[PDB]
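As a starting point, one isolated chain is supplied in structure tokens, in the form deposited in one PDB entry.
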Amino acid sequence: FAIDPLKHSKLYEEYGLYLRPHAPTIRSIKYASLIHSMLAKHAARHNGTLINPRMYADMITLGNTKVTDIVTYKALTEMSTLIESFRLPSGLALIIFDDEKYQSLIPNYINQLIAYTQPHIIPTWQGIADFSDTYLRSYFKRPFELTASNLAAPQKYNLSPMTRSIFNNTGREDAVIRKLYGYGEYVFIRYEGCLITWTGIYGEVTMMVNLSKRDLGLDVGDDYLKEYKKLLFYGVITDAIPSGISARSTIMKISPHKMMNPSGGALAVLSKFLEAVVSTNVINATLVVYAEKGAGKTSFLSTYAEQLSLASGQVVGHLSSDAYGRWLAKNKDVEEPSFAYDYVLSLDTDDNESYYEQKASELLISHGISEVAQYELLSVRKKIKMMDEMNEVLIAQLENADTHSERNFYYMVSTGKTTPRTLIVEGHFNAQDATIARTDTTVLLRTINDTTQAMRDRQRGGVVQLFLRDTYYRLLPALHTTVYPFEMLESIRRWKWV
């Protein structure tokens, strides 16, 4: 293996792979642990680098090479007597998981060997490495799933403490099962997340949640609107968008599952934002958050601002995605408007109608489209023909810098006296990049929502909402860093404050 299973066993406990007790496949993991200790000693002796790594790669992985001045070949003869004392018929293949967290914890003396090695890559379906592999069937314990129908004494099956590990998928307590059904000697795997299979418009949809099954208070058959905020904060749909998740989806199956690891690049960009939040050398720190129209993004970002304000000590501002439109629908005729932040935020209410929504509704009426069924029945050429006419009313605001331009709006809100220092600005599409603020970091957001289903299921706006969604999709590629809400919350939990 790339990471030593005997020293770093608690890492391998999290993938569900527990060690068989210590058979020619049991002495080999002791042999690999001795090789890891010898490599670590020889690497730390010479400034953290192996001196002749191609020979180490041959001697470990292939096992064909025997070596018989003081710096150079003494360590190689010390390695050769160790490997020759194993009497193996062949070498030991280097084994790497497909997990990015695993690939970022591999030691440097193994990274110096990976260049000269044909490594074995183990795929991970849901983050958990599959148990069907040779090396994981031979070295680690094999799990056994208890369900409601499968639950019996261990003597009904052929199960031993030395071979199998128990996966308690019954919905009952582990000590209850362990005392009442005779599992006192078997080791249970611990999964700290959740895996929900929902019904859908299009089929069966899965969902991974980073909450425990006791914290996430859902059972089989529960409605999607129950605990929707916790699901929205900590959930990821593992199916291809568009998925059939709607407000009337019910639960088919809940299981405990491995908690998702947040992506290192998303955390890199969010930490890059939190550096400008902390440092006194930056006067204004600004985050730009892109998402589709209908991802439920203000309900997350309005609490992201609260958590950032609590963990930072400073005051964090938050403009919604419709702030400029709700400002302009009032102030398009005013010769000298007000750019006060508490005036913009007071216009930012939801019962105010946007300028883009008014112009889009007049456009949809000009084609005689007034019903969601009428818009769904159009052709792709007709839809693109209408979106090319909405682009003509979107360029008029982005095109210059006048007293009502979008650049001027976000300029006079960002550079104001009474405005907060650290602002979180939402956007709709990538062409607003020049227009919105002067921020080094800009992200794209994904939540557990089919936006074309939410803008179809809602009953207030309907056609205008879905049409602006499709236009903003057509103008918003996924060309900035994709961030999930649990990654944005985990960034604040991981950053060290003061």
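Here, rigid core means the biggest group of C-alpha atoms that superpose within 1.5 Å across both forms. Numbering starts at 1 and runs along the sequence shown.
Below: the form deposited in another entry, not depicted.
In a rigid core superposition between this form and the one not shown, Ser80 is the single residue of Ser320, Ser80, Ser354, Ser246 whose Cα is displaced by 2 Å or more. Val443 shows a C-alpha shift below 2 Å between this form and the one not shown [criterion: core-superposed Cα displacement of 2 Å]. The two forms, fitted on the rigid core, differ between this form and the one not shown by less than 2 Å at the CA of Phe467. Superposition of the core reveals a Cα shift of 2 Å or more for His42 between this form and the one not shown.
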